[PDB]
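Listing of my_file.pdb; format and content: PDB, C-alpha atoms.
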ATOM      1  CA  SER N  14     -23.804  -2.409 -27.917
ATOM      2  CA  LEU N  15     -23.086  -4.892 -25.118
ATOM      3  CA  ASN N  16     -20.248  -7.088 -26.416
ATOM      4  CA  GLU N  17     -21.287  -7.364 -30.040
ATOM      5  CA  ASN N  18     -18.734  -8.578 -32.562
ATOM      6  CA  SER N  19     -21.392 -10.084 -34.840
ATOM      7  CA  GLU N  20     -21.039 -13.458 -33.154
ATOM      8  CA  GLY N  21     -23.670 -16.007 -34.069
ATOM      9  CA  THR N  22     -24.830 -13.703 -36.840
ATOM     10  CA  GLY N  23     -23.323 -12.698 -40.166
ATOM     11  CA  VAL N  24     -22.519  -8.999 -39.703
ATOM     12  CA  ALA N  25     -24.312  -6.865 -37.119
ATOM     13  CA  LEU N  26     -22.715  -3.485 -36.379
ATOM     14  CA  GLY N  27     -21.291  -3.416 -39.847
ATOM     15  CA  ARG N  28     -17.848  -4.923 -40.219
ATOM     16  CA  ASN N  29     -16.869  -2.137 -42.600
ATOM     17  CA  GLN N  30     -15.707   1.116 -41.049
ATOM     18  CA  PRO N  31     -18.126   4.069 -40.667
ATOM     19  CA  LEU N  32     -17.228   7.639 -39.606
ATOM     20  CA  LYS N  33     -14.196   7.707 -37.294
ATOM     21  CA  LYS N  34     -15.678   9.220 -34.150
ATOM     22  CA  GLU N  35     -13.946   6.752 -31.840
ATOM     23  CA  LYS N  36     -11.221   7.935 -29.473
ATOM     24  CA  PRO N  37      -7.623   6.637 -29.219
ATOM     25  CA  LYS N  38      -7.530   3.683 -26.857
ATOM     26  CA  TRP N  39      -5.087   2.706 -24.057
ATOM     27  CA  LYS N  40      -6.072   5.241 -21.387
ATOM     28  CA  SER N  41      -8.785   5.507 -18.740
ATOM     29  CA  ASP N  42     -12.266   6.197 -20.101
ATOM     30  CA  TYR N  43     -12.859   8.023 -16.843
ATOM     31  CA  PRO N  44      -9.531   9.283 -15.472
ATOM     32  CA  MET N  45      -9.854  10.842 -12.037
ATOM     33  CA  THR N  46      -6.577  11.861 -10.455
ATOM     34  CA  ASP N  47      -2.890  11.161 -11.169
ATOM     35  CA  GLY N  48      -3.035   7.873  -9.288
ATOM     36  CA  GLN N  49      -6.166   6.774 -11.119
ATOM     37  CA  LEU N  50      -4.733   7.910 -14.427
ATOM     38  CA  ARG N  51      -1.344   6.242 -14.045
ATOM     39  CA  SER N  52      -2.618   2.976 -12.563
ATOM     40  CA  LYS N  53      -5.443   2.461 -15.048
ATOM     41  CA  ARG N  54      -3.144   3.783 -17.805
ATOM     42  CA  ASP N  55      -0.791   0.831 -17.435
ATOM     43  CA  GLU N  56      -3.679  -1.591 -16.949
ATOM     44  CA  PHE N  57      -5.304  -0.570 -20.248
ATOM     45  CA  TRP N  58      -1.867  -0.171 -21.850
ATOM     46  CA  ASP N  59      -1.403  -3.935 -21.368
ATOM     47  CA  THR N  60      -4.431  -4.555 -23.560
ATOM     48  CA  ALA N  61      -3.720  -1.904 -26.202
ATOM     49  CA  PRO N  62      -1.165  -2.970 -28.907
ATOM     50  CA  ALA N  63      -1.228  -6.718 -28.211
ATOM     51  CA  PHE N  64       0.812  -8.319 -31.019
ATOM     52  CA  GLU N  65       0.436  -5.879 -33.946
ATOM     53  CA  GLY N  66      -0.171  -7.153 -37.467
ATOM     54  CA  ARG N  67       1.550  -5.644 -40.458
ATOM     55  CA  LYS N  68       4.295  -3.032 -40.647
ATOM     56  CA  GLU N  69       3.480  -3.027 -44.349
ATOM     57  CA  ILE N  70       0.008  -1.634 -43.645
ATOM     58  CA  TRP N  71       1.278   0.713 -40.928
ATOM     59  CA  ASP N  72       2.197   3.126 -43.724
ATOM     60  CA  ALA N  73      -1.477   3.449 -44.644
ATOM     61  CA  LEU N  74      -2.602   3.784 -41.045
ATOM     62  CA  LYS N  75      -0.368   6.755 -40.286
ATOM     63  CA  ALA N  76      -1.183   8.353 -43.645
ATOM     64  CA  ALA N  77      -4.877   8.038 -42.823
ATOM     65  CA  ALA N  78      -4.195   9.562 -39.431
ATOM     66  CA  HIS N  79      -2.584  12.404 -41.392
ATOM     67  CA  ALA N  80      -5.729  13.082 -43.391
ATOM     68  CA  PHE N  81      -8.067  12.462 -40.471
ATOM     69  CA  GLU N  82      -5.998  14.841 -38.319
ATOM     70  CA  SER N  83      -6.611  17.413 -41.032
ATOM     71  CA  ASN N  84     -10.360  16.737 -40.651
ATOM     72  CA  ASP N  85     -10.243  14.492 -43.718
ATOM     73  CA  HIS N  86     -12.512  11.737 -42.455
ATOM     74  CA  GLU N  87     -13.308  10.520 -45.954
ATOM     75  CA  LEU N  88      -9.633  10.215 -46.886
ATOM     76  CA  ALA N  89      -8.860   7.992 -43.927
ATOM     77  CA  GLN N  90     -11.913   5.855 -44.778
ATOM     78  CA  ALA N  91     -10.787   5.581 -48.400
ATOM     79  CA  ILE N  92      -7.400   4.469 -47.124
ATOM     80  CA  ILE N  93      -8.346   1.948 -44.392
ATOM     81  CA  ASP N  94     -11.415   0.491 -46.099
ATOM     82  CA  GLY N  95      -9.711   1.148 -49.398
ATOM     83  CA  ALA N  96      -7.221  -1.632 -48.732
ATOM     84  CA  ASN N  97      -9.527  -4.362 -47.436
ATOM     85  CA  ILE N  98      -8.866  -3.638 -43.817
ATOM     86  CA  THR N  99     -12.039  -2.845 -41.906
ATOM     87  CA  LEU N 100     -13.589  -2.187 -38.518
ATOM     88  CA  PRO N 101     -16.939  -2.907 -36.875
ATOM     89  CA  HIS N 102     -15.832  -0.003 -34.659
ATOM     90  CA  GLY N 103     -15.438   2.903 -37.045
ATOM     91  CA  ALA N 104     -12.207   4.278 -35.633
ATOM     92  CA  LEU N 105      -9.093   5.806 -37.104
ATOM     93  CA  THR N 106      -7.421   4.659 -33.927
ATOM     94  CA  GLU N 107      -8.170   1.053 -34.806
ATOM     95  CA  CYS N 108      -7.820  -1.163 -37.870
ATOM     96  CA  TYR N 109      -8.363  -4.875 -38.494
ATOM     97  CA  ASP N 110      -6.233  -6.499 -41.152
ATOM     98  CA  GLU N 111      -7.329  -9.403 -43.380
ATOM     99  CA  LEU N 112      -4.701 -11.702 -41.867
ATOM    100  CA  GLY N 113      -6.631 -11.548 -38.608
ATOM    101  CA  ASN N 114      -4.683  -8.618 -37.249
ATOM    102  CA  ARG N 115      -5.780  -5.677 -35.134
ATOM    103  CA  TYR N 116      -4.183  -2.312 -34.505
ATOM    104  CA  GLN N 117      -5.056  -0.170 -31.514
ATOM    105  CA  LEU N 118      -3.880   3.430 -31.474
ATOM    106  CA  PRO N 119      -2.927   5.322 -28.265
ATOM    107  CA  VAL N 120      -3.833   9.000 -27.789
ATOM    108  CA  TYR N 121      -0.203  10.138 -27.733
ATOM    109  CA  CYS N 122      -0.254  10.402 -31.529
ATOM    110  CA  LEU N 123      -3.592  12.238 -31.796
ATOM    111  CA  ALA N 124      -4.995  13.762 -28.610
ATOM    112  CA  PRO N 125      -3.140  14.938 -25.469
ATOM    113  CA  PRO N 126      -6.092  16.062 -23.151
ATOM    114  CA  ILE N 127      -5.855  12.764 -21.265
ATOM    115  CA  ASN N 128      -2.419  13.710 -19.981
ATOM    116  CA  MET N 129      -3.118  16.045 -17.057
ATOM    117  CA  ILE N 130      -6.704  15.013 -16.252
ATOM    118  CA  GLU N 131      -6.971  16.623 -12.848
ATOM    119  CA  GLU N 132      -7.484  20.211 -13.936
ATOM    120  CA  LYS N 133      -9.578  22.783 -12.103
ATOM    121  CA  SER N 134     -12.585  21.694 -14.093
ATOM    122  CA  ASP N 135     -13.465  19.730 -10.967
ATOM    123  CA  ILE N 136     -10.376  18.546  -9.105
ATOM    124  CA  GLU N 137      -9.105  20.711  -6.257
ATOM    125  CA  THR N 138      -8.053  18.550  -3.324
ATOM    126  CA  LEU N 139      -8.275  14.757  -3.249
ATOM    127  CA  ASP N 140      -7.767  14.385   0.486
ATOM    128  CA  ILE N 141     -10.785  12.176   1.068
TER     129      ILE N 141
END
Whole structure given in C-alpha cells:
Amino acid sequence: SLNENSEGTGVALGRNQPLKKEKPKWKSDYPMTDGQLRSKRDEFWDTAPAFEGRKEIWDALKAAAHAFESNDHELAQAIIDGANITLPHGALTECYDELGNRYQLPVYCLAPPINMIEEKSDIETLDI
C-alpha cells in the first residue's frame, strides 16, 4: 500500500497486528555490495530506533521474539496484541505502544543474512 497509515479514514490496513511476516528493519531492502550495504545501512539506521517508547514493554517484545523465533507466531501475537500494543504492519520487529510509541527492530537480533550480502549468488567483481 502506497503510504497508508489509515489517514483520513478510521482504520484501513487494520491497526491490529496480523501474522508477523515482516522483516527486521534498519538495513537495505536491496543491498548490493559492501559499499552499498554499509552506506545505506547507516542511512536507514538513522531512521530505525528513533526515540523508543517503554522499557517496561520491552520485556514483552523480547519474550514475543522468543516465541516467534521458535516459530510461535500466535504466542507473539498474544503477547503484543495481548497488551494493547498493536501494528498496522503485522511485524514482530515492530510494535506501537498506546502512549504513541513505536519500536523498530534491527535484524541483528533475528536474522543475519543481510550481513555479507555480496555472496557468489550473483556478485563476483564490481569493477564497473
Apply the PyMOL selection byres ((chain N and resi 102) around 10) to the file shown and report the selected residues as a PyMOL selection string.
-> chain N and resi 18+26-35+99-101+103-109
With 6 Å on each side, where is the centre of the axis-aligned box around all listed atoms of range 62-65 of chain N, and how long are its edges in Å to one decimal, as AutoDock Vina command-line options?
--center_x -0.2 --center_y -5.6 --center_z -31.1 --size_x 14.0 --size_y 17.3 --size_z 17.7
Please evaluate the PyMOL selection byres ((chain N and resi 53-60) around 8) against the displayed coordinates and give the resulting residues as a VMD selection string.
-> chain N and resid 39 to 41 44 49 to 52 61 to 63
Just so the selection is clear, what residues does the PyMOL selection byres ((chain N and resi 127-135) around 8) cover here, as an MDAnalysis selection string?
-> chainID N and resid 40 44:47 50 120 124:126 136:137
One-decimal distance in Å that lies between CA of residue 37 in chain N and CA of residue 92 in chain N |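 One can read the CA of residue 92 in chain N to CA of residue 37 in chain N distance as 18.0 Å.
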Please write range 102-115 of chain N of the preceding block to a file containing N, CA and C atoms, as a compact mmCIF listing (two decimals), in the first residue's frame?
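Output contents, as saved in decode-v9.txt:
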# COMPACT_ATOMS: atom_id res chain seq x y z
N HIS N 102 1.16 -2.82 10.63
CA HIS N 102 2.17 -3.55 9.87
C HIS N 102 1.96 -5.06 9.95
N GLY N 103 1.99 -5.60 11.16
CA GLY N 103 1.95 -7.04 11.32
C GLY N 103 3.34 -7.63 11.46
N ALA N 104 4.19 -6.94 12.21
CA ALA N 104 5.57 -7.37 12.39
C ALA N 104 5.86 -7.73 13.83
N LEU N 105 6.82 -8.61 14.01
CA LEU N 105 7.35 -8.89 15.34
C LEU N 105 8.52 -7.94 15.58
N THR N 106 8.99 -7.38 14.48
CA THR N 106 10.12 -6.47 14.50
C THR N 106 9.65 -5.02 14.64
N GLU N 107 8.37 -4.86 14.92
CA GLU N 107 7.80 -3.55 15.18
C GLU N 107 6.70 -3.68 16.22
N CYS N 108 6.48 -2.62 16.97
CA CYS N 108 5.36 -2.55 17.91
C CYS N 108 5.01 -1.09 18.17
N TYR N 109 3.72 -0.77 18.23
CA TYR N 109 3.31 0.59 18.58
C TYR N 109 2.55 0.59 19.89
N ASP N 110 3.07 1.37 20.82
CA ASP N 110 2.57 1.43 22.18
C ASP N 110 1.51 2.52 22.31
N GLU N 111 0.60 2.33 23.27
CA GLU N 111 -0.59 3.17 23.43
C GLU N 111 -0.24 4.62 23.72
N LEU N 112 0.96 4.85 24.25
CA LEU N 112 1.40 6.19 24.61
C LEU N 112 1.87 6.96 23.38
N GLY N 113 1.76 6.32 22.22
CA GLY N 113 2.15 6.95 20.97
C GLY N 113 3.57 6.58 20.60
N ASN N 114 4.00 5.42 21.07
CA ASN N 114 5.37 4.99 20.92
C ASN N 114 5.50 3.97 19.80
N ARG N 115 6.69 3.87 19.22
CA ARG N 115 6.95 2.88 18.20
C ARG N 115 8.31 2.25 18.40
